[PDB]
Amino acid sequence: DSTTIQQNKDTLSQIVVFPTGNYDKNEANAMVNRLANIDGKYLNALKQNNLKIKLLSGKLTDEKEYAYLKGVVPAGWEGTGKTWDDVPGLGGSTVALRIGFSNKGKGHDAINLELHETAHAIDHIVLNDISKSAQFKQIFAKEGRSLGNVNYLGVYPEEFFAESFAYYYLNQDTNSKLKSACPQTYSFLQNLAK
Ligand SMILES: [Zn+2]
């Protein structure tokens, strides 16, 4: 609800890092507002571990900490002439997101950039790679293709987990879509948030 979103925006004021230089500040605010949909327990767990959600005004590999990715072809992306230089988001041990690239198809396959990448960090930092736990692996074996992208989401449980989390928290449409397609994944995320 409207007041829950504000509470999470408060929590995020100590998580989000805005970039140097000029950019669409309203769009950066929109991304923070979408992150505020995430259950506050997760956001405070990220803050406890000093995970920073970096909004970028340039390319991922323009940041010194990601320079090692310059020229690197992502897993599964060979032959397209695109590399990490072109990838708008990264999540796991860190989180970095190009402002403006939230929507599906803006250089990435996720329903929403910032929720997908932040799900990676929650998975890895907060929950000890729960996407590789025995329980989620069983669910992934049954439902891992049911969000589509069968040769990507259907192959990597960490990507299926991240995408399912994004569906669960993006909006009411994507939440009910997850419930219909991946009922056991939806219940798993419900029990995790409970
Ligand atoms: Zn991913």
Side-chain angles (χ1 to χ4, degrees), residues 15-17 31-32 34-35 37-39 42-43 45-46 49 51-56 58-63 65-80 82-133 136-137 139-141 143-171 174-175 177-178 181-182 185-186 188-189 192:
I15 299 174
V16 174
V17 177
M31 298 169 77
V32 176
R34 291 187 285 266
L35 287 165
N37 276 339
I38 296 172
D39 196 295
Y42 299 132
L43 298 178
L46 292 170
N49 291 274
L51 180 282
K52 296 292 163 177
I53 294 174
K54 293 168 290 186
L55 305 185
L56 304 185
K59 289 175 176 172
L60 184 64
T61 53
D62 286 341
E63 298 301 301
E65 61 186 309
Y66 300 122
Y68 74 106
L69 293 176
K70 198 158 182 184
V72 178
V73 182
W77 283 39
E78 308 85 357
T80 69
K82 291 174 189 173
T83 68
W84 277 101
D85 308 77
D86 310 307
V87 176
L90 173 156
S93 52
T94 63
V95 174
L97 314 152
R98 295 185 67 174
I99 295 157
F101 290 75
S102 294
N103 284 346
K104 182 197 285 175
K106 291 289 295 180
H108 69 99
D109 283 338
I111 192 72
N112 174 266
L113 187 68
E114 52 271 18
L115 291 177
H116 179 104
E117 311 308 340
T118 298
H120 278 321
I122 295 171
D123 179 21
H124 175 78
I125 296 175
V126 178
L127 298 182
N128 188 40
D129 297 321
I130 192 171
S131 73
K132 299 180 194 174
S133 72
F136 191 76
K137 289 199 296 186
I139 293 176
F140 165 81
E143 305 186 341
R145 292 154 322 278
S146 295
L147 293 182
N149 208 352
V150 299
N151 296 324
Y152 187 71
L153 297 179
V155 174
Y156 302 105
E158 49 273 304
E159 303 300 343
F160 177 66
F161 175 88
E163 197 64 13
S164 298
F165 188 101
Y167 269 79
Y168 191 90
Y169 289 109
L170 180 59
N171 58 43
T174 62
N175 180 273
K177 276 177 161 58
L178 181 68
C182 312
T185 302
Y186 185 90
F188 183 94
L189 289 181
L192 199 58

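Numbering of residues begins at 1 and proceeds along the displayed sequence. One-based numbering, in listed order, for ligands and for the atoms of each. Just the heavy atoms: all of them, side chains too, but no hydrogens, waters or symmetry mates, feed the values below.
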Tell me which N, O or S atom of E159 sits nearest to the Zn ion (ligand 1). OE1
Evaluate side chain to side chain contact (heavy atoms under 4.5 Å, CB included) for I122 paired with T118, printing each intermediate quantity in order. CA-CA 6 Å; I122 295 171; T118 298; 4.1 Å; yes
Tell me which N, O or S atom from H116 is the closest to the Zn ion (ligand 1). NE2
Which N, O or S atom of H120 lies nearest to the Zn ion (ligand 1), by name: NE2
If you count heavy atoms of other groups shown closer than 6.0 angstrom to NZ of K132, is the number above 12? no
Any non-hydrogen side-chain atom of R34 less than 4.5 Å from a side-chain atom of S102? yes
Take the angle between the ring planes of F165 and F161 and call it parallel below 30°, perpendicular above 60°, tilted in between. tilted
